[PDB]
file model-v3.txt (compact mmCIF, C-alpha atoms)
# COMPACT_ATOMS: atom_id res chain seq x y z
CA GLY A 15 0.00 0.00 0.00
CA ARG A 16 1.02 3.58 -0.75
CA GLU A 17 3.24 3.60 -3.79
CA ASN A 18 4.32 6.55 -5.89
CA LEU A 19 1.14 6.88 -7.77
CA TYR A 20 1.04 10.10 -9.62
CA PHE A 21 1.32 10.19 -13.30
CA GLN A 22 1.39 13.13 -15.59
CA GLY A 23 -0.39 12.75 -18.87
CA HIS A 24 2.10 13.92 -21.47
CA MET A 25 0.44 14.09 -24.85
CA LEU A 26 -3.12 13.95 -23.78
CA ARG A 27 -6.02 14.57 -26.08
CA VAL A 28 -9.23 16.13 -24.97
CA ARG A 29 -11.79 16.41 -27.68
CA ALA A 30 -15.19 17.68 -26.94
CA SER A 31 -17.44 17.55 -29.90
CA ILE A 32 -21.02 18.44 -29.25
CA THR A 33 -23.97 19.13 -31.42
CA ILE A 34 -26.84 21.32 -30.27
CA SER A 35 -30.19 21.54 -31.92
CA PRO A 36 -32.36 24.76 -31.84
CA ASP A 37 -34.91 22.61 -30.08
CA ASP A 38 -32.97 23.31 -26.84
CA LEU A 39 -31.78 19.80 -27.20
CA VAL A 40 -28.13 19.02 -26.88
CA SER A 41 -26.12 15.91 -27.67
CA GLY A 42 -22.43 15.12 -28.14
CA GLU A 43 -19.32 13.43 -26.88
CA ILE A 44 -16.35 14.45 -24.77
CA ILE A 45 -13.22 12.39 -25.05
CA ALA A 46 -10.44 12.75 -22.56
CA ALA A 47 -7.57 10.52 -23.51
CA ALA A 48 -4.19 10.16 -21.91
CA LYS A 49 -1.30 7.73 -22.48
CA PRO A 50 -1.51 4.65 -20.14
CA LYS A 51 2.05 4.61 -18.59
CA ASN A 52 1.00 2.14 -15.93
CA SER A 53 -0.72 -1.20 -16.36
CA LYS A 54 -3.45 -0.47 -13.74
CA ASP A 55 -5.07 1.91 -16.06
CA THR A 56 -7.24 0.99 -18.89
CA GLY A 57 -8.45 4.53 -19.05
CA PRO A 58 -8.24 7.37 -16.47
CA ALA A 59 -11.84 7.87 -15.57
CA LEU A 60 -14.13 10.83 -15.51
CA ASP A 61 -15.83 11.68 -12.29
CA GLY A 62 -19.26 12.73 -13.16
CA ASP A 63 -22.09 11.35 -11.16
CA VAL A 64 -24.68 13.68 -12.50
CA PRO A 65 -28.51 13.65 -11.98
CA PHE A 66 -28.90 12.91 -15.69
CA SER A 67 -26.31 10.16 -15.86
CA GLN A 68 -28.85 8.02 -17.71
CA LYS A 69 -28.66 10.58 -20.51
CA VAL A 70 -24.87 10.54 -20.61
CA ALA A 71 -22.92 7.43 -21.27
CA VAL A 72 -19.52 7.72 -19.83
CA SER A 73 -17.29 4.96 -20.93
CA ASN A 74 -13.68 4.05 -21.28
CA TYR A 75 -11.77 5.32 -24.26
CA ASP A 76 -9.08 3.14 -25.70
CA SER A 77 -7.85 4.26 -29.07
CA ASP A 78 -4.65 5.44 -30.84
CA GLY A 79 -2.59 4.14 -27.95
CA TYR A 80 -4.37 6.53 -25.64
CA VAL A 81 -6.51 5.41 -22.77
CA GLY A 82 -8.99 7.58 -21.07
CA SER A 83 -12.60 8.19 -20.69
CA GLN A 84 -15.31 9.56 -22.89
CA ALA A 85 -18.70 10.93 -22.07
CA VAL A 86 -21.21 10.44 -24.82
CA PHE A 87 -24.45 12.22 -24.13
CA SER A 88 -27.71 12.67 -25.93
CA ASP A 89 -31.22 14.14 -25.46
CA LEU A 90 -29.92 16.67 -22.98
CA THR A 91 -31.27 20.13 -22.57
CA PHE A 92 -29.78 23.66 -22.17
CA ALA A 93 -30.01 23.51 -18.36
CA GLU A 94 -28.12 20.24 -18.29
CA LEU A 95 -25.09 21.68 -20.13
CA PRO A 96 -23.50 23.44 -17.04
CA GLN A 97 -23.97 20.27 -15.00
CA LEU A 98 -22.55 18.26 -17.84
CA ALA A 99 -19.61 20.66 -17.95
CA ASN A 100 -18.80 19.76 -14.37
CA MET A 101 -17.82 16.18 -15.25
CA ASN A 102 -15.85 17.48 -18.23
CA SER A 103 -14.00 19.93 -16.05
CA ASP A 104 -12.54 17.15 -13.90
CA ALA A 105 -10.26 16.31 -16.77
CA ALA A 106 -10.26 19.68 -18.47
CA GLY A 107 -9.54 22.36 -15.90
CA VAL A 108 -11.45 24.89 -18.04
CA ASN A 109 -14.65 26.96 -17.60
CA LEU A 110 -17.78 26.91 -19.79
CA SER A 111 -20.82 29.10 -19.34
CA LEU A 112 -23.82 29.29 -21.62
CA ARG A 113 -26.49 31.92 -21.41
CA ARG A 114 -29.42 33.05 -23.44
CA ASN A 115 -29.63 36.48 -24.77
CA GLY A 116 -33.19 36.81 -25.79
CA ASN A 117 -33.54 33.87 -28.11
CA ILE A 118 -29.96 33.71 -29.14
CA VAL A 119 -27.54 31.73 -27.11
CA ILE A 120 -24.22 32.89 -26.13
CA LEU A 121 -21.57 30.50 -25.16
CA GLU A 122 -18.76 31.79 -23.12
CA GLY A 123 -15.84 29.68 -22.24
CA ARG A 124 -12.33 30.20 -21.19
CA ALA A 125 -9.52 27.79 -21.15
CA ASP A 126 -6.52 28.73 -19.17
CA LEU A 127 -4.20 25.82 -19.36
CA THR A 128 -1.09 27.86 -19.10
CA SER A 129 -0.04 26.04 -15.93
CA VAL A 130 -0.29 22.64 -17.64
CA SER A 131 2.65 20.33 -17.07
CA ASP A 132 2.50 18.96 -20.58
CA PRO A 133 3.34 20.81 -23.82
CA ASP A 134 1.79 18.07 -25.99
CA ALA A 135 -1.63 18.48 -24.48
CA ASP A 136 -4.35 19.19 -26.98
CA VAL A 137 -7.74 20.37 -25.90
CA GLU A 138 -10.20 20.68 -28.67
CA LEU A 139 -13.81 21.82 -28.74
CA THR A 140 -16.08 21.33 -31.68
CA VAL A 141 -19.65 22.56 -31.56
CA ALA A 142 -22.04 21.69 -34.38
CA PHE A 143 -25.42 23.28 -34.68
CA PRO A 144 -27.98 22.84 -37.51
CA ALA A 145 -28.77 26.51 -37.13
CA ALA A 146 -26.35 29.34 -37.91
CA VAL A 147 -23.72 31.15 -35.95
CA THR A 148 -24.29 34.83 -35.45
CA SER A 149 -20.94 35.62 -33.86
CA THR A 150 -18.09 33.48 -32.72
CA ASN A 151 -14.61 33.85 -31.38
CA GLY A 152 -12.79 30.81 -32.51
CA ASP A 153 -12.37 28.96 -35.75
CA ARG A 154 -15.53 28.42 -37.66
CA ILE A 155 -15.26 25.65 -40.17
CA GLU A 156 -18.84 25.96 -41.25
CA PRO A 157 -21.48 28.69 -40.56
CA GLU A 158 -23.01 26.08 -38.33
CA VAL A 159 -19.91 24.26 -36.99
CA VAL A 160 -17.21 25.96 -35.01
CA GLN A 161 -14.05 24.56 -33.53
CA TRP A 162 -11.64 25.81 -30.94
CA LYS A 163 -8.12 24.66 -30.49
CA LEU A 164 -7.14 25.04 -26.89
CA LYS A 165 -3.41 25.00 -26.60
CA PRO A 166 -1.22 24.34 -23.51
CA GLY A 167 0.91 27.10 -22.02
CA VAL A 168 -1.26 29.68 -23.67
CA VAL A 169 -4.67 30.96 -22.72
CA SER A 170 -7.62 31.08 -25.06
CA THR A 171 -11.13 32.33 -24.80
CA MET A 172 -13.88 30.58 -26.64
CA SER A 173 -17.09 32.22 -27.60
CA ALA A 174 -19.97 31.19 -29.79
CA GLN A 175 -23.23 32.86 -30.32
CA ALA A 176 -26.05 31.48 -32.34
CA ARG A 177 -29.80 31.76 -32.57
CA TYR A 178 -31.75 28.91 -30.86
CA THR A 179 -35.43 28.79 -30.21
CA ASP A 180 -36.04 29.21 -26.45
CA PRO A 181 -38.60 26.70 -25.13
CA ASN A 182 -40.52 29.44 -23.32
CA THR A 183 -39.93 31.68 -26.28
CA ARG A 184 -38.75 34.55 -24.21
CA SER A 185 -36.60 37.48 -25.09
call {"tool": "encode", "arguments": {"input": "model-v3.txt", "output": "structure tokens"}}
result
Amino acid sequence: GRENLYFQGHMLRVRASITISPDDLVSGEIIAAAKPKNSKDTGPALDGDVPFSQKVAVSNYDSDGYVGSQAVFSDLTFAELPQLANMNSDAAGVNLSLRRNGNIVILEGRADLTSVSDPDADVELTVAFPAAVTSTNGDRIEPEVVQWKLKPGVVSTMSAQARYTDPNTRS
């Protein structure tokens, strides 16, 4: 009992790719993958016992020689996103905040991973929406799909604004 059990990642991949529908319905997948290093690990696990765990399948990720965990969620709603983000944050160390501005949604996020111990860390966010982006601060591939490359050592802010029909239809 009690061995030197602390492992840095070193070339870890975090890819969050989520797709949100204007129906206030959100779905997607968050992959946090790290290199094994020790045989006890089949995939460093996400800690996310959320109230909607039935709507998010967190499972072990084993691909590319990376082992980690992935959270694959579907049929979630706008309110569930912050709570979802909690689990994500356990392996991310970043902050995400979504808010509605009338009937358009603003997504605010900041990733400060300056203090990361690994230069080969790659944190990547991809948001796909079958709507249309009004304003974003990141790299839009499509007018409805935006991606952010969060790099270690540096700080990056991520913002995405798009129009999505509010369930209450407020403003």
call {"tool": "closest_atom_pairs", "arguments": {"input": "model-v3.txt", "of": "stretch 49-153 of chain A", "to": "stretch 157-175 of chain A", "cutoff": "8 Å", "atoms": "all atoms listed in the file", "output": "tab-separated table"}}
result
residue	atom	partner	partner_atom	distance
A:118	CA	A:175	CA	6.9
A:119	CA	A:175	CA	5.5
A:120	CA	A:175	CA	4.3
A:121	CA	A:174	CA	4.9
A:122	CA	A:173	CA	4.8
A:123	CA	A:172	CA	4.9
A:124	CA	A:171	CA	4.4
A:125	CA	A:170	CA	5.5
A:126	CA	A:169	CA	4.6
A:127	CA	A:166	CA	5.3
A:128	CA	A:167	CA	3.6
A:129	CA	A:167	CA	6.3
A:130	CA	A:166	CA	6.2
A:132	CA	A:166	CA	7.2
A:133	CA	A:166	CA	5.8
A:134	CA	A:166	CA	7.4
A:135	CA	A:166	CA	6.0
A:136	CA	A:165	CA	5.9
A:137	CA	A:164	CA	4.8
A:138	CA	A:163	CA	4.8
A:139	CA	A:162	CA	5.0
A:140	CA	A:161	CA	4.2
A:141	CA	A:160	CA	5.4
A:142	CA	A:159	CA	4.2
A:143	CA	A:158	CA	5.2
A:144	CA	A:158	CA	6.0
A:145	CA	A:158	CA	5.9
A:146	CA	A:158	CA	4.7
A:147	CA	A:158	CA	5.6
A:148	CA	A:175	CA	5.6
A:149	CA	A:175	CA	5.0
A:150	CA	A:174	CA	4.2
A:151	CA	A:173	CA	4.8
A:152	CA	A:162	CA	5.4
A:153	CA	A:161	CA	5.2
call {"tool": "write_last_selection", "arguments": {"input": "model-v3.txt", "atoms": "C-alpha atoms", "output": "PDB file, in the frame of the given file"}}
result
ATOM      1  CA  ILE A 118     -29.960  33.710 -29.140  1.00  0.00           C
ATOM      2  CA  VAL A 119     -27.540  31.730 -27.110  1.00  0.00           C
ATOM      3  CA  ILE A 120     -24.220  32.890 -26.130  1.00  0.00           C
ATOM      4  CA  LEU A 121     -21.570  30.500 -25.160  1.00  0.00           C
ATOM      5  CA  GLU A 122     -18.760  31.790 -23.120  1.00  0.00           C
ATOM      6  CA  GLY A 123     -15.840  29.680 -22.240  1.00  0.00           C
ATOM      7  CA  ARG A 124     -12.330  30.200 -21.190  1.00  0.00           C
ATOM      8  CA  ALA A 125      -9.520  27.790 -21.150  1.00  0.00           C
ATOM      9  CA  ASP A 126      -6.520  28.730 -19.170  1.00  0.00           C
ATOM     10  CA  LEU A 127      -4.200  25.820 -19.360  1.00  0.00           C
ATOM     11  CA  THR A 128      -1.090  27.860 -19.100  1.00  0.00           C
ATOM     12  CA  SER A 129      -0.040  26.040 -15.930  1.00  0.00           C
ATOM     13  CA  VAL A 130      -0.290  22.640 -17.640  1.00  0.00           C
ATOM     14  CA  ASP A 132       2.500  18.960 -20.580  1.00  0.00           C
ATOM     15  CA  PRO A 133       3.340  20.810 -23.820  1.00  0.00           C
ATOM     16  CA  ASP A 134       1.790  18.070 -25.990  1.00  0.00           C
ATOM     17  CA  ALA A 135      -1.630  18.480 -24.480  1.00  0.00           C
ATOM     18  CA  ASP A 136      -4.350  19.190 -26.980  1.00  0.00           C
ATOM     19  CA  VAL A 137      -7.740  20.370 -25.900  1.00  0.00           C
ATOM     20  CA  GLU A 138     -10.200  20.680 -28.670  1.00  0.00           C
ATOM     21  CA  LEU A 139     -13.810  21.820 -28.740  1.00  0.00           C
ATOM     22  CA  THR A 140     -16.080  21.330 -31.680  1.00  0.00           C
ATOM     23  CA  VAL A 141     -19.650  22.560 -31.560  1.00  0.00           C
ATOM     24  CA  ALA A 142     -22.040  21.690 -34.380  1.00  0.00           C
ATOM     25  CA  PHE A 143     -25.420  23.280 -34.680  1.00  0.00           C
ATOM     26  CA  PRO A 144     -27.980  22.840 -37.510  1.00  0.00           C
ATOM     27  CA  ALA A 145     -28.770  26.510 -37.130  1.00  0.00           C
ATOM     28  CA  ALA A 146     -26.350  29.340 -37.910  1.00  0.00           C
ATOM     29  CA  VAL A 147     -23.720  31.150 -35.950  1.00  0.00           C
ATOM     30  CA  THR A 148     -24.290  34.830 -35.450  1.00  0.00           C
ATOM     31  CA  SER A 149     -20.940  35.620 -33.860  1.00  0.00           C
ATOM     32  CA  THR A 150     -18.090  33.480 -32.720  1.00  0.00           C
ATOM     33  CA  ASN A 151     -14.610  33.850 -31.380  1.00  0.00           C
ATOM     34  CA  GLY A 152     -12.790  30.810 -32.510  1.00  0.00           C
ATOM     35  CA  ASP A 153     -12.370  28.960 -35.750  1.00  0.00           C
TER      36      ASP A 153
END
call {"tool": "residues_around", "arguments": {"input": "model-v3.txt", "residues": "residue A:65", "least_positions_apart": "4", "cutoff": "12 Å", "atoms": "all atoms listed in the file", "output": "PyMOL selection string"}}
result
chain A and resi 69-70+90+93-95+97-98+100-101
call {"tool": "atom_distance", "arguments": {"input": "model-v3.txt", "atom1": "atom CA of residue A:47", "atom2": "atom CA of residue A:85"}}
result
11.2 Å
call {"tool": "atom_distance", "arguments": {"input": "model-v3.txt", "atom1": "atom CA of residue A:48", "atom2": "atom CA of residue A:27"}}
result
6.3 Å
call {"tool": "residues_near_point", "arguments": {"input": "model-v3.txt", "point": "(-11.5, 20.3, -21.3)", "cutoff": "8 Å", "atoms": "all atoms listed in the file", "output": "list in words"}}
result
residues 28, 29, 30, 46, 102, 103, 105, 106, 107, 108, 125, 137, 138 and 139 of chain A
call {"tool": "residues_near_point", "arguments": {"input": "model-v3.txt", "point": "(2.8, 6.8, -8.3)", "cutoff": "12 Å", "atoms": "only C-alpha atoms", "output": "PyMOL selection string"}}
result
chain A and resi 15-22+51-54
call {"tool": "atom_distance", "arguments": {"input": "model-v3.txt", "atom1": "atom CA of residue A:86", "atom2": "atom CA of residue A:176"}}
result
22.9 Å
call {"tool": "build_atoms", "arguments": {"input": "model-v3.txt", "residues": "stretch 105-123 of chain A", "atoms": "N, CA and C atoms", "output": "mmCIF file, in the frame of the given file"}}
result
data_model
loop_
_atom_site.group_PDB
_atom_site.id
_atom_site.type_symbol
_atom_site.label_atom_id
_atom_site.label_comp_id
_atom_site.auth_asym_id
_atom_site.auth_seq_id
_atom_site.Cartn_x
_atom_site.Cartn_y
_atom_site.Cartn_z
ATOM 1 N N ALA A 105 -11.389 16.673 -15.963
ATOM 2 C CA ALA A 105 -10.260 16.310 -16.770
ATOM 3 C C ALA A 105 -9.819 17.477 -17.651
ATOM 4 N N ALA A 106 -10.539 18.576 -17.582
ATOM 5 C CA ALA A 106 -10.260 19.680 -18.470
ATOM 6 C C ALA A 106 -9.571 20.833 -17.764
ATOM 7 N N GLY A 107 -10.095 21.221 -16.610
ATOM 8 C CA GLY A 107 -9.540 22.360 -15.900
ATOM 9 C C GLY A 107 -9.878 23.675 -16.591
ATOM 10 N N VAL A 108 -11.012 23.709 -17.283
ATOM 11 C CA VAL A 108 -11.450 24.890 -18.040
ATOM 12 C C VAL A 108 -12.838 25.326 -17.551
ATOM 13 N N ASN A 109 -13.334 26.452 -18.030
ATOM 14 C CA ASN A 109 -14.650 26.960 -17.600
ATOM 15 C C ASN A 109 -15.551 27.227 -18.794
ATOM 16 N N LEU A 110 -16.779 26.712 -18.738
ATOM 17 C CA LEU A 110 -17.780 26.910 -19.790
ATOM 18 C C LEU A 110 -19.039 27.500 -19.178
ATOM 19 N N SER A 111 -19.612 28.476 -19.811
ATOM 20 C CA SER A 111 -20.820 29.100 -19.340
ATOM 21 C C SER A 111 -21.715 29.470 -20.520
ATOM 22 N N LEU A 112 -22.906 28.933 -20.566
ATOM 23 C CA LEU A 112 -23.820 29.290 -21.620
ATOM 24 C C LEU A 112 -24.938 30.095 -21.053
ATOM 25 N N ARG A 113 -25.415 31.021 -21.826
ATOM 26 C CA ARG A 113 -26.490 31.920 -21.410
ATOM 27 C C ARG A 113 -27.338 32.284 -22.603
ATOM 28 N N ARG A 114 -28.590 32.569 -22.377
ATOM 29 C CA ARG A 114 -29.420 33.050 -23.440
ATOM 30 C C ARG A 114 -29.518 34.534 -23.423
ATOM 31 N N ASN A 115 -29.439 35.084 -24.570
ATOM 32 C CA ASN A 115 -29.630 36.480 -24.770
ATOM 33 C C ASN A 115 -30.829 36.623 -25.665
ATOM 34 N N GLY A 116 -31.970 36.756 -25.057
ATOM 35 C CA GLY A 116 -33.190 36.810 -25.790
ATOM 36 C C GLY A 116 -33.589 35.431 -26.269
ATOM 37 N N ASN A 117 -33.277 35.158 -27.503
ATOM 38 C CA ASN A 117 -33.540 33.870 -28.110
ATOM 39 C C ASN A 117 -32.262 33.394 -28.791
ATOM 40 N N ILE A 118 -31.203 34.126 -28.591
ATOM 41 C CA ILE A 118 -29.960 33.710 -29.140
ATOM 42 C C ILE A 118 -29.107 33.257 -27.975
ATOM 43 N N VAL A 119 -28.316 32.283 -28.180
ATOM 44 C CA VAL A 119 -27.540 31.730 -27.110
ATOM 45 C C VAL A 119 -26.126 32.160 -27.255
ATOM 46 N N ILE A 120 -25.562 32.536 -26.162
ATOM 47 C CA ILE A 120 -24.220 32.890 -26.130
ATOM 48 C C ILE A 120 -23.484 31.833 -25.321
ATOM 49 N N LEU A 121 -22.420 31.411 -25.835
ATOM 50 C CA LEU A 121 -21.570 30.500 -25.160
ATOM 51 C C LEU A 121 -20.272 31.184 -24.885
ATOM 52 N N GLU A 122 -19.941 31.190 -23.642
ATOM 53 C CA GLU A 122 -18.760 31.790 -23.120
ATOM 54 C C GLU A 122 -17.924 30.672 -22.529
ATOM 55 N N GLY A 123 -16.688 30.621 -22.857
ATOM 56 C CA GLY A 123 -15.840 29.680 -22.240
ATOM 57 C C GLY A 123 -14.440 30.176 -22.227
#
